[PDB]
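Undergrad: After the structure tokens below, expect a handful of questions from me.
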14 protein chains.
Amino acid sequence: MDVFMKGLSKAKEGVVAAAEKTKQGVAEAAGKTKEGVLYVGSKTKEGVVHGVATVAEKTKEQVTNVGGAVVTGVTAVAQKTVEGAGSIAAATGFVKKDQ
Amino acid sequence: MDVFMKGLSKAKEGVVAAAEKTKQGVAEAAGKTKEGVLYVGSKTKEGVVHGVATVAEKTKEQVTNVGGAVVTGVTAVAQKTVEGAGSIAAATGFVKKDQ
Amino acid sequence: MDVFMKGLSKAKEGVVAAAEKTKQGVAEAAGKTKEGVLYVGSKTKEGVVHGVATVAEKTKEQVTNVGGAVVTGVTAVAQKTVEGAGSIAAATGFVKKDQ
Amino acid sequence: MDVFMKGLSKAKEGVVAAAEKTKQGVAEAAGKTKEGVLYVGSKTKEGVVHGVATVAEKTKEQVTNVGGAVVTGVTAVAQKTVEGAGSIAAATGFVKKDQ
Amino acid sequence: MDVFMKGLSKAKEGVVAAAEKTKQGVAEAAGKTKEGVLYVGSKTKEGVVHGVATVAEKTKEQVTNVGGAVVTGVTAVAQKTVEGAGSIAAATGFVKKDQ
Amino acid sequence: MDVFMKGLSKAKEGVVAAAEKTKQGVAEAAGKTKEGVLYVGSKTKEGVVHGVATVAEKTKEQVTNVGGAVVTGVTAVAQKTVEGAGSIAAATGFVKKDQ
Amino acid sequence: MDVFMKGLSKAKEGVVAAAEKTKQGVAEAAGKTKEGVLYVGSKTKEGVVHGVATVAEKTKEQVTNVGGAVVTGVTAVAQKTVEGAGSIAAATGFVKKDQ
Amino acid sequence: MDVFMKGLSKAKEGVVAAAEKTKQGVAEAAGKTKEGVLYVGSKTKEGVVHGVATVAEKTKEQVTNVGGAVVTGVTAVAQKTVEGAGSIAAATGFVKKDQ
Amino acid sequence: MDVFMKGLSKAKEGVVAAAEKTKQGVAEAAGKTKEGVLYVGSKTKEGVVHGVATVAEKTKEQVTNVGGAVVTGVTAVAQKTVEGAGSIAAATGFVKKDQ
Amino acid sequence: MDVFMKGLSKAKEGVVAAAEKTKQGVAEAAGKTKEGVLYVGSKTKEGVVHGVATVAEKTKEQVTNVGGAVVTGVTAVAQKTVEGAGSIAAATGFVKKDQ
Amino acid sequence: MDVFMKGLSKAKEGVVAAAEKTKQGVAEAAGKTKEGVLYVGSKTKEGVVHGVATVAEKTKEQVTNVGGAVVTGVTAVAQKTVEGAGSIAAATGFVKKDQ
Amino acid sequence: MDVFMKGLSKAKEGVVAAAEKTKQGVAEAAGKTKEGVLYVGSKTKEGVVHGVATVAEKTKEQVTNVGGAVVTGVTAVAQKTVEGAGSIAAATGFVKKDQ
Amino acid sequence: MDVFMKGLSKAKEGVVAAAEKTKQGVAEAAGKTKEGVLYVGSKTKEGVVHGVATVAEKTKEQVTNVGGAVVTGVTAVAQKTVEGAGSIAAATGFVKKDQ
Amino acid sequence: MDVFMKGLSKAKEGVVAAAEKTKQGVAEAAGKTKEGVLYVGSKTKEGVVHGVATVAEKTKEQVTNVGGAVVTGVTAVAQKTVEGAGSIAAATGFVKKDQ
């Protein structure tokens, strides 16, 4: 009863190798990001509103604007990022050369 | 009953190698970020509002603006970041050469 | 019953190697950041408002602006960051050469 | 029942090596940052407001502006950071050469 | 029942090595920072306001501005930081050469 | 039941080595900083205001500005910090050469 | 039940070595700083205001400005800090050479 | 939109009369009793247990006894309560005699 | 929108009369009692337990006894309460005799 | 929007009359009693326990006895309470005799 | 928006009359009693325990006895309370005789 | 928006009359009593214990007895209280006789 | 917005009359009593204990007895209180006889 | 916004009359008593203990007995209090006879 990602559970010998997120001449934007997160036997409440109550004995109008989580206005621009000749962006996980 | 990521649980021999987030000539922006986080047997409340109450015996209007979590205005710009010739951005996880 | 990330639990021999976040000619911005955080058997309350109450016997209008967590105005700009020839940005995790 | 990150729990021999956050010609900004933090059997309250009460027997308007945590105005700029030829930014975790 | 980061719990032999935060020609700014912090069996209250009360028998308007934690105005600028030729910024964790 | 960071708990032999925060030609600014802090079985109150009370039998307006913790105005600038040729900034954790 | 950082608890032989905060041609500023602090079985109150009371039988306006902890105006500037050729800033933790 | 019991809502003339719970030579017992109760726009939690958690890495048995509300042992006895001759127990709601 | 019990809402003339709980030679017992109670726009928590946690790395048994509200042992006895001749217990709500 | 019990809301003329709890030769007992109680816009916590935590690294048994509200041992006895002849217990709400 | 019990809200003429709790030859006992109580816009905590924590690295047993509110041992006895002939216990609310 | 008990809010003419708690030959006992109490905009904590902590590195047993509010031992006895002939206990609220 | 008990708020003419607690041949006992109490905009702490801490590195047993409020031992006895013939205990609220 | 008990707020004419606590042949006892008390905008701490701390490096047992408020031993006895014939105990609130 094992839960895992990117690995080995029961092996006499093992190798885990990785190369991630190599960037050259890049423009990036993000509102909310979650990377490498584990939840085990826990509660979680994010961007939550419980109760809304609007009561009036006499009035003209009543309105309500309620929101849990909101993301607006994400922009990314890139112009002429790479111009040099012979630019190289390489990523390798595992190189094995034995004699 | 093991929970894990990027590793080995039961192995006589093992190797864990990684190279991450190599950046050259980059522009990045973020509102909220979470990396390498573990929750075990815990509570969590982030960006939460519990109760909203609006009561009036006599009035003209009533409005409410309620929000848990809000992110606005994220921008990234890059211009002519790389111009030199022969620029190299390399990432490797594990190099094994034995004799 | 072990919870872990980037490691080995039960192994006769083991090696853990990593190289992370190598930056050259970069511009970065962030509102909130969390890296390498562990929660075990704990409470947590961040950006929280419990109760909202608005009561009036006689009035004209009533409005409310309530927010738990807010992030605004994140910007990053990069211009001509790299111009020298033969610039190198390298990251390696583990190099093994034995005789 | 062990909780850990970047390490070994039960191993006859082990090695933990890391090289992190190597920066050259960089501009960085942040509002709030948390790195290498452990919570065990503890409470935590950050940016919290408990109760809001607005009561009037007679009035014209009533408004409220309430916020738990707020971050505004984060900016980073970089210009011509690197111009020298043959600039090198290298990061290595573990180098093993034995005879 | 051990909780740890960047280390070994039960091993006959072990080595822990690290090189962190090597900076050259960098400009950095931060509002609030937390590094290498442990909480065990403790309370914590940071940027908190408990109660808000606004009562009037007769008035015209009533407003309230309440905030727990606020960060504003973080800026970083870098210009022509590196110009010398053959600049090197290197970081290594562990070098092992034995005869 | 041991809680620790950057160390070994139960090992016949062990070595802990580190080199941190090597800076050359850098400009840094911070509002609040916490490094290497331990809390065990303790209370903590920082930037806290308990109660707010505003009562008037007759008035025109009433407003309140309340804040727990505030940080404003953090700036860092760097210009032509490094110009000499062959500048080196090196950091190493552990060098082992035995005969 | 041991709580520690940067050390060994139960080991026949051990070595703890560190080199930290080596600076050359740097400009730094900070509002509040805490380094190497331990709290055990203690209370702590910093930047706290308990009660706010504003009462008037008859008036025109009433306002209040209350703050627990405030930091403003932190600036750092560096210009042409390093110009000599062959400048070296090195940091090492442990060098072991035995015969 | 009227909700009521034992009464009149819209009537030019009305009469409400009642005689309740007339007891003679009686024995009564009760565990929990609720009489004449109104709930309007409210929450209510009585005899509630939220969460049950039983976790063991190694053990022999584990059992749990959980209960929300429990009533036990209610008894009533009456013997020869009434022996006098001509005992009367009368109840009347409304007697109207007009001339 | 009126909520009521034992009364009149909109009537030119009205009468409310009642006679309740007339007791003679009685024995009564009760554990918990609620009479004439109104809840409007309120919370309520009575006899509540929130969380139960039982964790063991190694043990033999573990048991738990949890209860919200408990009532035990209610008894009432009556013997020869009434023996006099011509005992009267009368209850009337409203007697109207007009000339 | 009126909430009431035993009364009149909108009536030109009205009468409210009551006679309650007339007792003769009675024995009564109670654990907890609530009579004539109003809750409006309020919180309430009675007989509550929040958290239960039982943790052991090594042990033999562990048990817990937790209770919110408990009532035990209520008894009432009556013997030969009334023996006189011609005993009267009368209750009337309203007697109206006009000429 | 009126909340009331045993009364009149809007009436040209009104009368409120009551006679309560007339006792003769009675024995009464009570643990806790609440009569004529009003809660408006208030908090309330009665018989409450917040947190329970039991932690042991090595032990044999651990038990806990926790209780919020407890009532035990309520008894009432009456014997031959009334023996005189022609005893009267009368209660009247309102007597109106006009000429 | 009026909250009241046993009274009139808006009436040209009104009368409030009451006769309460007339006792003859009675025996009464009580642990805790509350009569005629008003709470408005206030806090209240009665019989409360906040935190329980039991920690041991090595021990044999550990137990805890915690209680918020406790009432024990309430008794009332009455014997031959009334023996005289023609005893009268009368209670009246309002007697109106006009000419 | 008026809160009151046993009275009139807005009436051209009014009368408030009461007769309470008339006792003859009575025995009474009480542990704690509260009569005619008003709380407005105030705090209140009665019978409260905040923190409990029990820590031992090595021991055999540890126990704790903690209590907020405790009442024990309340008794009342009455014997042959009334024996004279023609004893009268009368209570009246308001007698109105006009010519 | 008036808070009151046993009175009139806004009335052209008014009368407040009361007769309370008339006792004949009575025995009474009480531990703590509060009558006619008003709290407005004040703090209050009665029978409170803040912190409990028990720490031992090596010991055999440790126990603690802590109590906030305690009442014990309240007794009342009455015997043959009234024996004279024609004893009268009368209480009246208001007698109005006009010509």
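So you can find residues: chains in the structure tokens are A, B, ... in the order shown, residues in each start at 1, and ligands are numbered from 1 in order.
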Within 9 Å of chain L, which residues of chain J come that close, and what is the closest atom pair and distance in Å for each? Count only C-alpha atoms and give it as a tab-separated table.
TA:
```
residue	atom	partner	partner_atom	distance
J:17	CA	L:93	CA	8.8
J:19	CA	L:93	CA	8.9
J:36	CA	L:5	CA	8.7
J:40	CA	L:3	CA	8.7
J:42	CA	L:41	CA	8.9
J:47	CA	L:68	CA	8.2
J:81	CA	L:80	CA	8.7
J:84	CA	L:85	CA	8.6
```
Undergrad: In Å, with one decimal, what is the gap from atom CA of residue 90 of chain L to atom CA of residue 90 of chain I?
TA: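 The value is 15.0 Å.
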Undergrad: Take atom CA of residue 88 of chain E and atom CA of residue 89 of chain C and report the distance between them in Å, one decimal.
TA: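 Calculated distance between atom CA of residue 88 of chain E and atom CA of residue 89 of chain C is 10.5 Å.
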Undergrad: Could you give me, as JSON, numbers by chain, each residue of chain E that DSSP assigns to strand (DSSP E) when run on this structure's backbone?
TA: {"E": [3, 4, 5, 6, 7, 8, 9, 10, 13, 14, 15, 16, 17, 18, 19, 20, 21, 22, 23, 24, 27, 28, 29, 30, 31, 32, 33, 34, 35, 36, 37, 38, 39, 40, 45, 46, 47, 48, 49, 50, 51, 52, 53, 54, 55, 56, 57, 58, 65, 66, 67, 68, 69, 70, 71, 72, 73, 74, 75, 76, 77, 78, 79, 88, 89, 90, 91, 92, 93, 94, 95, 96, 97, 98]}
Undergrad: Please report the interatomic distance between atom CA of residue 96 of chain C and atom CA of residue 95 of chain G in Å with one decimal.
TA: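 Going from atom CA of residue 96 of chain C over to atom CA of residue 95 of chain G covers 20.4 Å.
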Undergrad: I'd like the neighbourhood of residue 99 of chain K as a PyMOL selection string, where a residue qualifies if any of its atoms comes within 8 Å (using only C-alpha atoms), though same-chain residues fewer than 3 positions away should be ignored.
TA: (chain J and resi 98-99) or (chain L and resi 97-99)
Undergrad: Output C-alpha atoms for every residue in the selection just made, as a PDB file, in the first residue's frame.
TA:
```pdb
ATOM      1  CA  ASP J  98     -69.062  44.102  34.823  1.00  0.00           C
ATOM      2  CA  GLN J  99     -72.313  45.941  35.487  1.00  0.00           C
TER       3      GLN J  99
ATOM      4  CA  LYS L  97     -62.932  47.877  41.080  1.00  0.00           C
ATOM      5  CA  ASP L  98     -64.204  51.286  39.981  1.00  0.00           C
ATOM      6  CA  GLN L  99     -67.419  53.220  40.541  1.00  0.00           C
TER       7      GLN L  99
END
```
